[PDB]
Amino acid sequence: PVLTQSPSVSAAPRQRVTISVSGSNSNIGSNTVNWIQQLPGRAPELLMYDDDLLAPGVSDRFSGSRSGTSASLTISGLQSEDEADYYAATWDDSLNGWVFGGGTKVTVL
């Protein structure tokens, strides 16, 4: 994957976890990042866009950030329904198209 995401994370309910992704100046370094939530057998859901903006209806427990060639997604007050795979997405000027990370599994104990 063009984008490199953080390894799988397991946390108890009510904990705060932060997932990260790293890229280059051709993607993250120059374009805003989007975060996607993926549940088994379901369509992917847009959680955040423009680095830190919440898609309509998304819980404000999710927050985003971007600086340099990296970005991160923070989930506060983790819940059982937060267990899923989270993917980072951004535009790459070198490839002239969308690039995606490999995904990070968030497991709620």
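Residue numbers run from 1 along the displayed sequence. Take the two forms, superpose them, and find the largest set of C-alpha atoms that agree within 1.5 Å; that set is the rigid core.
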property: Stretch with larger C-alpha RMS deviation in 4 other deposited structures of this protein, core superposed, 39-47 versus 24-32; result: 39-47
property: 38-46 versus 73-81 - greater average Cα B-factor per the deposited record; result: 73-81
property: Of 85-93 and 6-14, the one with larger mean CA B-factor; result: 6-14
property: B-factor third for the C-alpha atom of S59 within its chain; result: middle
property: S26 - Cα temperature factor, lowest/middle/highest third of chain; result: highest
